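Some notes on the structure that comes next.
Each reported figure results from applying straightforward, stated rules to the coordinates on display, with no laboratory input. So basically every Cβ, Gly included, is an ideal-geometry build from the backbone, and we count neighbours across all protein chains shown.
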Amino acid sequence: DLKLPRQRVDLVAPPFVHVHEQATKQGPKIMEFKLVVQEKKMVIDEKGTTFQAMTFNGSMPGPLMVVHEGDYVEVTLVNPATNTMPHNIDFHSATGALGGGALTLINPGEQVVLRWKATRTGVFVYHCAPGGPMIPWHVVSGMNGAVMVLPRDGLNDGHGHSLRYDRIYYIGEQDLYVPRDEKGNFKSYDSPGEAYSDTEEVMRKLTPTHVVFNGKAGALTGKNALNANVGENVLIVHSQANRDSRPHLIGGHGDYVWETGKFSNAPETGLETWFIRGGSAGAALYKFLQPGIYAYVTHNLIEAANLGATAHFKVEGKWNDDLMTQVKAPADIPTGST
Amino acid sequence: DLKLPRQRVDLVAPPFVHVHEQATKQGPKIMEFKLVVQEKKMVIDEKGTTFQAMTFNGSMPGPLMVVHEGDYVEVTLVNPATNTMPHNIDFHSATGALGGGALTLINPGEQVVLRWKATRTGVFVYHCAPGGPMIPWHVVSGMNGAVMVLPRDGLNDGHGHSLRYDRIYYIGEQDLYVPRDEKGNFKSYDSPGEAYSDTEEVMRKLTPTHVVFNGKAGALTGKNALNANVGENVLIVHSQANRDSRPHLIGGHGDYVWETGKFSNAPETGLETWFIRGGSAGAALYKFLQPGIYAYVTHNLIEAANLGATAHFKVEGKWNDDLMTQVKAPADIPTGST
Amino acid sequence: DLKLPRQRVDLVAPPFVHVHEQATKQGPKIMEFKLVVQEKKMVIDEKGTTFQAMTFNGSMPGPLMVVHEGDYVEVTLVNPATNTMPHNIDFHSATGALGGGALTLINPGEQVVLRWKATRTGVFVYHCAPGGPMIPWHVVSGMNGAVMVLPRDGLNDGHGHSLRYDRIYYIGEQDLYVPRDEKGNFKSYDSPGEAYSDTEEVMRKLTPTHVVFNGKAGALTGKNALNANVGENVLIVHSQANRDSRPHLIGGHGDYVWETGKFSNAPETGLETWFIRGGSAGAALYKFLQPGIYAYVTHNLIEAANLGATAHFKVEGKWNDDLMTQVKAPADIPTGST
Ligand SMILES: OC[C@H]1O[C@@](CO)(O[C@H]2O[C@H](CO)[C@@H](O)[C@H](O)[C@H]2O)[C@@H](O)[C@@H]1O
Ligand SMILES: OC[C@H]1O[C@@](CO)(O[C@H]2O[C@H](CO)[C@@H](O)[C@H](O)[C@H]2O)[C@@H](O)[C@@H]1O
Ligand SMILES: OC[C@H]1O[C@@](CO)(O[C@H]2O[C@H](CO)[C@@H](O)[C@H](O)[C@H]2O)[C@@H](O)[C@@H]1O
Ligand SMILES: OC[C@H]1O[C@@](CO)(O[C@H]2O[C@H](CO)[C@@H](O)[C@H](O)[C@H]2O)[C@@H](O)[C@@H]1O
Ligand SMILES: OC[C@H]1O[C@@](CO)(O[C@H]2O[C@H](CO)[C@@H](O)[C@H](O)[C@H]2O)[C@@H](O)[C@@H]1O
Ligand SMILES: OC[C@H]1O[C@@](CO)(O[C@H]2O[C@H](CO)[C@@H](O)[C@H](O)[C@H]2O)[C@@H](O)[C@@H]1O
Ligand SMILES: OC[C@H]1O[C@@](CO)(O[C@H]2O[C@H](CO)[C@@H](O)[C@H](O)[C@H]2O)[C@@H](O)[C@@H]1O
Ligand SMILES: OC[C@H]1O[C@@](CO)(O[C@H]2O[C@H](CO)[C@@H](O)[C@H](O)[C@H]2O)[C@@H](O)[C@@H]1O
Ligand SMILES: OC[C@H]1O[C@@](CO)(O[C@H]2O[C@H](CO)[C@@H](O)[C@H](O)[C@H]2O)[C@@H](O)[C@@H]1O
Ligand SMILES: OC[C@H]1O[C@@](CO)(O[C@H]2O[C@H](CO)[C@@H](O)[C@H](O)[C@H]2O)[C@@H](O)[C@@H]1O
Ligand SMILES: OC[C@H]1O[C@@](CO)(O[C@H]2O[C@H](CO)[C@@H](O)[C@H](O)[C@H]2O)[C@@H](O)[C@@H]1O
Ligand SMILES: OC[C@H]1O[C@@](CO)(O[C@H]2O[C@H](CO)[C@@H](O)[C@H](O)[C@H]2O)[C@@H](O)[C@@H]1O
Ligand SMILES: O=N[O-]
Ligand SMILES: O=N[O-]
Ligand SMILES: O=N[O-]
Ligand SMILES: O=N[O-]
Ligand SMILES: O=N[O-]
Ligand SMILES: O=N[O-]
Ligand SMILES: [Cu+2]
Ligand SMILES: [Cu+2]
Ligand SMILES: [Cu+2]
Ligand SMILES: [Cu+2]
Ligand SMILES: [Cu+2]
Ligand SMILES: [Cu+2]
């Protein structure tokens, strides 16, 4: 019945994003994606704590899918027989059937194909949602990602001027609820099923043990810092499927920010810190003006520094002393100061 | 002194709303409302947990009051002699005297009549506020509701186009703090006064035991699902008097959302999840495009699934396979897949 | 190299703000500020609880700095040798070097001079950020304040109309994490260093023991209520360096609110409650219409009433019975009521 060109997309692992056009003169296509569920033990902090994760495509977050308004998105979801649980997928970008969850429940050893029309522009969360208490558990176990539906003319500033990014990164933030024993040590389990009862107890108190970007504390620091150059306009897509976050680029700003994540709304300009509602994605554009290290954090600094929620950007270029300079280096306080 | 027509309104129990006009060519009226305080033990979850509630008109939330900009709202507040505590009322829509709380403190066996002018458009919280620590306690015991002050021309999209709703529902969300004994069982009390000290201890740790719509887990599910039809524009008013919420219609969107709740501001369009600041009301308009069950949640899914914060809509009509379709039902993974 | 007029500003203690012009026809200046770090034990609640605070200029929050777009801000930061820790400063208003933190780390007995260009308008947080876990600890110990960068034409309503305030107050909100002993009593320490390990344990559970304005419960109540008059337009700048807040003026409104705090964005109008993202400052303008006491709160009323987060305004003038009146004082319920 639906007679449009089909285009297969190969997803990549976050924080990177598969190749795509911003502005396009192509008409609507059927864009074909495949997601494979993988349950696996994963390391989530710098002390080697593990937890029984559940993922789309082996990553937390799941990969970013990018399409244009008016495209049809055909998703094959696969639940390999090595998995232990049923899984499904709910797209916040889609209309009907609980975002697709009501049409996509699959047992281990099965797959399903859903098609949804990309009628609403923005960045949107997708996540597993098998039913009842399984919904939060699968989501906080890692089964969430995002999709971006671009306008066919690309981004704009809401005042008739085009915006183009030079680079795009997807930062998925994950709240984790890892059980502890009587002494406070984190517990380990042999399967997700075995972890469930103790994990649900931690979840009920609504306080995460870890808050991480790209699936672990320190994931996007050190050698996995995000690269940019002075003068580049960088789009940072940020998602949180379950809990609020307050992104902040330390030493920078959000030049254009869609904090509710929807491109039919004009962006706010010149933000210090923005707000991603739990259950949503948002996006910020920034043009780097200064080289050096930048930390990208949630600006609950306890979470950022102590629970794992810090990424770095390493930005190459020349320092602009007009914007900022050290006028006098650290020196002894003058004895004749009052 | 004030010589305007008087009109008596009969309130109804949430989630329904008393009859009202959207656009009106009537001039300013004195709109007369009565609220009666009722302290009573209420069931708040599906396991039969009870708590010592304090309510306006016997419901959590209190009823939605609807008037138009420029009306005068005359509220008789009654505190029957069967109650044990003093109560009052503070309208966020009103100007002066702590929103009216400073003029409305009544002991059991008394009543009071306050009049306030509806000078500001939007949806607004009202709540009890007797003074000091009694303020949070009365509010989290259930003494809060909302009022909607419509523009006389009805809603608009902020770009000169009228918006009209076919149906309106009021979803009041309540954070509850129910004490537990040493084993974790919820405690019961014979009066609000007796519950106070233990409840205040739970409140101080800022983590609710329950988060409910319309006064109990499951209130708006099953046979009390909210009804709609494909093609109907539905206004959902959401209030939270004490704690933030992040509403999400699973399988739908917010077509037009006033998340800060004030109709002098243009709505945002096409939201996945919106944000109700604690101490405020907001409103979202959505036109249903697909039949079936929709869950309306706060998108902290722990709260939604495990603490009680899920409502359902049951939507009648014909499925649109253009928007979404199951291309292939669950099937065994092809043996010749890689 | 930089050849502009220099102007020394003398800071004052919050909630007051140093003298400044709103609209200015002066060109860019080098505005010179000095901040001195002071570590000291401070009283933070009405029962006399103390904690080991770390402050800019001996106050929580640090003082508000006010400049205009295009000015250069030259800050001398001094860390006296009576202090025990290294400190620095990060300006959310500045571009590069982690907002200045990377250029300003000073040991006790040292000072440093940083210059940053005020290229972005709004109110912005500044805070200490020495590195790693020291970042949240210094911030929640009190080392944070705000800066306001005004447009050279002053504020506007985003629709081409000037806004002018008659009075300005800076309300800094501080989340504190005070350790308790086994019985629940707050612990005291002889130095910040000694308090660290126990404080970090409380911080990890993300629930504050106190939430205060101007450094202590009750700071801005009683005789330190904030003064205004009927008819005055008052700007309230609110900052929170670490945790979300939801400001509300009880009995009033936000006439014009920049909740993300940035004057390049038009304000929202007629708000009941607004939202300050942790890591940001926001600002609300209100014209008082009624005399009397107003409470300014975060509208988590538990925090407001029980954890310390209430300020008062005392507003002089004549009552307007058109806006609000008590039609009938408290009276016995009529025996012939149903
Ligand atoms: O012996 C505990 C010690 O070993 C580490 C090493 O990285 O990890 C083990 O213990 C953790 C807590 O049970 C587990 O999460 C992990 O799976 C296991 O290898 C340390 O993290 C831990 O303190
Ligand atoms: O708005 C984008 C997109 O949403 C649709 C429904 O799929 O329209 C919705 O929003 C419209 C614009 O706000 C409303 O007028 C309409 O009633 C609502 O269904 C699409 O038609 C539109 O392209
Ligand atoms: O947090 C309580 C308590 O537990 C201990 C081990 O008994 O540390 C655990 O908690 C720390 C904070 O989350 C982790 O850094 C560590 O991996 C974990 O074992 C104590 O060290 C701590 O007091
Ligand atoms: O890219 C930052 C990196 O460059 C160096 C010199 O190679 O210094 C530049 O950046 C400093 C601020 O971070 C400026 O103060 C300095 O003048 C400028 O040359 C390194 O110091 C710095 O880490
Ligand atoms: O015996 C406890 C058991 O009975 C239930 C039945 O619905 O409710 C009782 O106990 C609760 C906890 O004290 C009370 O809240 C309630 O008022 C009382 O009827 C169960 O909820 C409970 O587990
Ligand atoms: O804005 C609606 C309504 O509020 C009032 C006061 O009751 O005006 C306030 O807001 C005006 C528009 O923003 C301000 O210009 C005014 O100064 C402020 O008091 C009403 O007059 C107005 O209808
Ligand atoms: O939550 C702690 C602990 O308490 C028990 C009974 O001892 O269950 C209580 O808590 C549950 C979660 O809130 C409720 O579902 C139940 O109504 C309540 O009695 C244990 O079952 C649980 O481990
Ligand atoms: O109203 C939803 C209800 O209708 C049924 C058939 O009566 O199916 C419709 O909705 C499905 C998606 O929820 C579509 O896939 C199907 O093709 C459509 O006919 C029921 O299955 C469904 O629960
Ligand atoms: O003896 C405890 C009692 O004294 C008070 C008096 O104001 O304060 C003391 O104890 C507190 C808890 O250790 C300290 O924070 C404070 O520094 C010390 O003077 C009361 O607050 C306290 O209950
Ligand atoms: O926007 C205020 C201020 O920011 C600067 C950079 O210091 O410009 C940023 O924002 C501009 C307007 O949104 C962008 O076009 C620009 O690319 C970005 O660097 C200043 O130039 C401007 O005055
Ligand atoms: O909060 C637990 C418990 O501790 C006690 C003293 O043992 O009070 C402490 O906590 C109160 C709440 O924060 C404070 O008001 C007081 O300053 C502090 O000592 C008990 O009174 C209370 O049950
Ligand atoms: O400024 C408030 C203060 O004024 C008094 C009389 O001096 O009353 C005025 O304010 C009341 C509402 O708070 C009005 O109902 C009253 O009519 C008006 O005169 C005091 O009662 C009040 O505290
Ligand atoms: O389907 N989940 O356990
Ligand atoms: O300025 N960043 O914490
Ligand atoms: O007036 N309340 O307890
Ligand atoms: O998509 N709702 O959780
Ligand atoms: O530098 N701070 O401990
Ligand atoms: O209306 N203030 O809580
Ligand atoms: Cu799953
Ligand atoms: Cu969802
Ligand atoms: Cu009450
Ligand atoms: Cu209130
Ligand atoms: Cu410091
Ligand atoms: Cu910061």
One finds, for B:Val12 and A:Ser197 with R0 = 30 angstrom and r their Cβ-Cβ distance, a FRET efficiency to the nearest 0.05 of 0.10
What are the trypsin sites (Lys or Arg not before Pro) within the range B:272-338 that DSSP puts in a loop, where the Cβ has at most 16 other Cβ atoms within 10 Å?
-> B:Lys318
Viscosity 1.306 mPa s, temperature 10 °C, Stokes-Einstein D of the range A:44-144 from Kirkwood C-alpha radius, µm²/s = 111 µm²/s
Shape metrics for the range B:218-338, restricted to C-alpha atoms - Rg then Dmax, Å | 17.0, 60
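Could you tell me the relative contact order of chain A? Use alpha-carbon pairs under 8 Å, at least six residues apart, and round to a whole percent.
Dividing the mean separation by the residue count of chain A yields 16 percent.
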Can you pull out the chymotrypsin sites (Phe, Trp or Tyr not before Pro) in the range C:1-88 that DSSP calls coil and that have at most 15 other Cβ atoms within 10 Å?
-> C:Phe16
Under 5 Å from the placed amide H of C:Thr310, counting only residues 5+ away or on other chains, we find C:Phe213, C:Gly218
Evaluate the distance, in nm, between pseudo-label points positioned 7 Å from the Cα of C:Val230 and of C:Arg164 along their respective Cα→Cβ axes.
-> 2.3 nm
Can you list, shortest first in nanometers, how far B:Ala329 lies from the same residue in the other copies, with each label 7 Å from Cα toward Cβ?
-> 7.6, 7.6
Toy charge model, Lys and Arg Cβ at +1, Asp and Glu Cβ at -1: the range C:229-338 dipole around Cα centroid in debye, rounded to 20, equals 240 debye
For chain A, what is the mean residue ellipticity at 222 nm derived from helices alone (per DSSP H run of n ≥ 4: -39500 (n - 2.57); sum divided by total residues; nearest 500 deg cm²/dmol)?
-> -1500 deg cm²/dmol
Output row for A:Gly48: copy-to-copy label distances, label 7 Å along Cα→C-beta, ascending, in nanometres, one decimal, is 5.0, 5.0
So if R0 is 51 Å, what FRET efficiency would A:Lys328 and A:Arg180 give, r being the distance between their Cβ atoms, rounded to the nearest 0.05?
-> 0.60
If you place +1 on the Cβ of every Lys and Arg and -1 on the Cβ of every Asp and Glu, how big does the dipole about the Cα centre of the range B:6-152 come out, in debye to the nearest 20?
-> 260 debye
Residue by residue through the range B:160-176, which ³J(HN,Hα) values in whole Hz follow from phi under the Karplus form 6.51 cos²θ - 1.76 cosθ + 1.60 (θ = phi - 60°), with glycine and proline marked x?
-> x, 10, 5, 10, 10, 9, 7, 8, 9, 10, 10, 10, x, 9, 10, 8, 10
Taking the dipole about the Cα centre of chain B, with the C-beta of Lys and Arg at +1 and of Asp and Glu at -1, give me whichever of B:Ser197, B:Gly132, B:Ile250 is farthest to the positive side.
-> B:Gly132
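Give me the percent of DSSP beta bridges within the protein assembly as shown that run antiparallel, rounded to the nearest 5.
70 percent
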Using Cα pairs closer than 8 Å and at least 6 residues apart in sequence, work out the relative contact order for the range A:168-316, in percent.
-> 29 percent
Cα centroids of the range A:7-44 and the range C:61-128: how far apart, whole angstrom?
-> 42 Å
Cut-off under 5 Å, modelled amide H: who pairs with C:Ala53 long-range = C:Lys40, C:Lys41, C:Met42
What GluC sites (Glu not before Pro) in the range C:1-97 are in a loop by DSSP, with at most 16 other Cβ atoms within 10 Å of the Cβ?
-> C:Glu21, C:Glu46
Diffusion coefficient, µm² s⁻¹, Stokes-Einstein with Kirkwood Rh over alpha-carbon pairs of chain C at 20 °C and 1.002 mPa s = 102 µm²/s
Amide H neighbours of A:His68 under 5 Å, at least 5 residues apart or on other chains, H built in the peptide plane: list them.
-> A:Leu150
Could you go through the range A:146-155 in sequence order and give the Karplus-derived ³J(HN,Hα) for each residue, using 6.51 cos²θ - 1.76 cosθ + 1.60 with θ = phi - 60°, rounded to whole Hz, and x for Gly and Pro?
-> 8, 10, 10, 10, 7, x, 5, 8, x, 6
Between the alpha carbon centres of the range B:264-301 and the range C:193-236 the gap in Å comes to 33 Å
When chain C is treated as a GNM, springs tying every alpha-carbon pair under 10 Å, which of C:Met65, C:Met42, C:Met324 comes out with the largest mean-square fluctuation?
-> C:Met324
log₁₀ of I(q)/I(0) at q = 0.12, 0.15, 0.17, 0.24 Å⁻¹ - the range B:180-283, Debye sum with one point per alpha carbon | -0.59, -0.82, -0.95, -1.41
Shortest first and in nm with one decimal, please list how far the B:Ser188 label point sits from its counterparts in the other copies (point 7 Å along Cα→Cβ).
-> 4.6, 4.6
Would you kindly derive the ³J(HN,Hα) couplings of the range A:229-234 from the backbone phi angles with the Karplus curve 6.51 cos²θ - 1.76 cosθ + 1.60 (θ = phi - 60°), listing them in order in whole Hz, with x for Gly and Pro?
-> 10, 3, x, 7, 8, 10
√(5λ) per eigenvalue of the Cα gyration tensor, the protein assembly as shown, largest first, Å = 39, 39, 29
